[PDB]
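In what follows, a single structure is set out as structure tokens and then discussed.
Numbers and lists here come from the model and the stated rules, or from a named source; nothing here is a laboratory result. Note that we place each Cβ from the backbone using ideal geometry, even for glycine, and neighbour counts take in every protein chain shown.
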Protein chains: 2
Amino acid sequence: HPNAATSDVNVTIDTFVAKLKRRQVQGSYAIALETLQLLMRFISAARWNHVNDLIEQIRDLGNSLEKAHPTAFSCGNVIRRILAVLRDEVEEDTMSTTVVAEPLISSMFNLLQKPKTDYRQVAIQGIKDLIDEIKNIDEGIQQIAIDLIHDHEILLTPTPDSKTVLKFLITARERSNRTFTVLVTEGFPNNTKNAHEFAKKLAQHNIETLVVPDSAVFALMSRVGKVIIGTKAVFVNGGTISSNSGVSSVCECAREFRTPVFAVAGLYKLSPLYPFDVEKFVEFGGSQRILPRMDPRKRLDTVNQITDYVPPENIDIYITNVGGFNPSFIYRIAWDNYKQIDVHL
Amino acid sequence: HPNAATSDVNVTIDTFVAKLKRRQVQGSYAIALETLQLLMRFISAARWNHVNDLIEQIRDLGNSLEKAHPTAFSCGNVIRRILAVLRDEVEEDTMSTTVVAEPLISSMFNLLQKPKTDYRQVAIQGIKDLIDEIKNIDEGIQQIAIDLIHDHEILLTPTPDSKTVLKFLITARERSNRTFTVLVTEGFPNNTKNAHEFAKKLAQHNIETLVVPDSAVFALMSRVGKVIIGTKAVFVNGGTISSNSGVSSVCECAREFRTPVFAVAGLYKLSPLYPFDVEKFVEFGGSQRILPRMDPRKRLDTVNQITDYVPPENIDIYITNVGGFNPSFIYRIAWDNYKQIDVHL
């Protein structure tokens, strides 16, 4: 469905679109929040009574948003989650309206074989619940995360940008008995300032900080104990897209030297879409923040990328609010929140 | 060739044989010394008249010695070295007697194409030189040896039976600026007491000592920095015979984790003969030490071995008195000490 009725009924959709396209909005969490707000707006003002049609409309809206920005996934994910929440409720309702037990939580053969209420209030509650979840992830992570960090171990941290990862680190550091040394990679094109900020924050807390160039991975890896990465998007087979610059090579190095690889993950940040090719999913970067002047650029060709995709062969741990999960197992987790039909919208 | 010619001229051969058979002589160094002494005795007493015949006799004697005891490699090696020493002198002499171009020190095409003096004194001197070489090995290692181990690094030590390895460790430990943690694997049926002794020595030296059982190698492997072998005999392609029990598995583990594997022995232990079979050269221990009783132990056939063979693929470094060498290079060193025809006797 095109944006014809969705302009005067709900106002800020255009603004959201603008934020998405021109990168006015910063941080995936913020984007998610915005999406939630939009959904709430859609719910409160508009009236439907018919449910399947409404669901379809919602799906269409999600799809359009996805098509608008092919590298922002959180927005999509949240919508999908909401749809899933709706669907189960709808299914429950149908059974009451009309008036079989499964071996597990979900059946396989049921797809091939033929199978006024306070619903609005429930829907409203759902959004609030989602918001709450988004707010408090660290409270669920803390009692699972601070179990594996030991004394006299050096920790390498690629991609330092997220407010969650920092918080996690700080919680660990609060326990002064647990001794750890932090190696921080700069990240040439985009991460630099952020990395510096992170370092400053660490200093403020009184944690031992070491500033690392992007080339110095092989020389330190023999001394590196555990590697923790702050990812933006989590996928089906295990692989992740991390928040810009120098992740793949580092992972490869880790694999070579046999190093345990931790990752800060989220259930709303987790995506049920599969990454088949490196050519499509990887977002490339600007040459503006590399070399000034454009007359030498006539013959020379600068190659640079923002967000980097990782193969599932390297990472081993995914610390969430529920717990730590294997990359060769995270699909199950996704399925416990998302459906196979709601993948291709 | 029997012992009919040598009965009143040389008698000590029998004694040597006795020492070999019932293991009255202990430590390869001692065996080597004995061999040297025997050679000296042979030289001072016997008559020659001819040189080729004498050489042949020497070869025969060597063969006999080998037949008497195969696990004594040092004995063989020393003899071979002596032969090599003789040979060059003989070659030199021939050139004067008769009265040539070469790209390097030795040529391959010289084998394909058709080619009284005071040599006794030279031969005597050779023995002395060999003795001198045997005397000090550690002094020619320590200048290279105390450059590899660094601060806050962890060492893992299989085979503490060798007298050289301990000395090497001690020399490293002497330095006030250098600090390292030592993990010691026991070796149950052959190395236990020796291992304990080593541990005690380490304690005395005032270093951080960690006594580790043979099962607890895997758990500590994430922290292991270097691997050192207490080998007894070196060979052609790189493969080495180690001084009894608990070496192979550890080496394999190291290879798996890509941990650097060092080896310290010497060039008198180095043999120009190939270890084609593990079963032929490796000797087995005793069944009595493992489990008591005899009548139920007829049913319980126990397998236990003294010496251990490690493939050249795992080991990368062979630091000797001359300098640092590789398994891909050590063959040339052997050639520089033992000649082409002297390999087969």
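Within the group A:163, A:116, which residue is under 24 Å from residue A:310 (Cα atoms) and among the basic types (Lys, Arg)? Only one candidate qualifies: A:163. Among the residues of segment A:237-272, those that are within 21 Å of residue A:166 (Cα to Cα), among the hydroxyl-bearing types (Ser, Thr, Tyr) and either within 14 Å of chain B (Cβ to nearest Cβ) or part of a strand (DSSP E or B) (or both) comprise A:240, A:242.
Taking the listed residues B:39, B:65, the one that is crowded, with 16+ Cβ neighbours inside 10 Å, over 18 Å from the mean Cα position of the chain (by Cα) and assigned to a helix (DSSP H, G or I) is B:39, with no other qualifying.
Being touching a strand residue (DSSP E or B) at 6+ places or on another chain (Cβ under 6 Å) and within 14 Å of another protein chain (Cβ to nearest Cβ), is that true of even one residue in segment A:310-330? Taking every residue of segment A:310-330 in turn, at least one turns out to be touching a strand residue (DSSP E or B) at 6+ places or on another chain (Cβ under 6 Å) and within 14 Å of another protein chain (Cβ to nearest Cβ). Residues in segment B:224-236 that are closer than 29 Å to residue B:30 by Cβ and assigned to a loop (DSSP other than H, G, I, E, B): B:230, B:235, B:236. Quick check on segment B:204-221: of everything there that is out of contact with any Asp or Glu (no Cβ under 9 Å at 6 or more places or on another chain) and more than 17 Å from residue B:173 (Cα to Cα), which residue is farthest from the other protein chains (Cβ to nearest Cβ)? Among those that are out of contact with any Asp or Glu (no Cβ under 9 Å at 6 or more places or on another chain) and more than 17 Å from residue B:173 (Cα to Cα), it is B:215. Number of residues in segment B:273-294 that are part of a loop (DSSP other than H, G, I, E, B), among the aliphatic types (A, V, I, L, M) and touching a strand residue (DSSP E or B) at 6+ places or on another chain (Cβ under 7 Å) equals 1. Within segment A:54-67, residues that are closer than 9 Å to residue A:1 by Cβ reach partners that are part of a helix (DSSP H, G or I) with beta carbons closer than 8 Å, at six or more positions or on different chains, in the pairs A:61/A:42; A:61/A:79.
Within segment A:1-27, the set of residues being over 19 Å from residue A:62 (Cβ atoms) and in a helix (DSSP H, G or I) comprises A:22 only. Do we find a residue being surrounded by fewer than 22 Cβ atoms within 10 Å (Cβ to Cβ), more than 18 Å from the chain's Cα centre (by Cα) and not in a loop (DSSP other than H, G, I, E, B) anywhere in segment B:211-223? There is at least one residue in segment B:211-223 that is surrounded by fewer than 22 Cβ atoms within 10 Å (Cβ to Cβ), more than 18 Å from the chain's Cα centre (by Cα) and not in a loop (DSSP other than H, G, I, E, B). Being over 22 Å from the mean Cα position of the chain (by Cα), aliphatic (A, V, I, L, M) and over 22 Å from residue B:52 (Cβ atoms) holds for only one residue in B:101, B:123, B:145, and it is B:101.
Screening residue A:159 against (1) outside the structural domain of residue A:91 (by CATH); (2) at negative phi leaves a single unmet condition, (2). Taking residue A:185, is it within 14 Å of another protein chain (Cβ to nearest Cβ) and closer than 27 Å to residue B:260 by Cβ? No: the conditions fail for residue A:185. Among the residues making up segment B:304-341, those that are under 24 Å from residue B:140 (Cβ atoms) and in a helix (DSSP H, G or I) are B:330, B:331, B:332, B:333, B:334, B:335.
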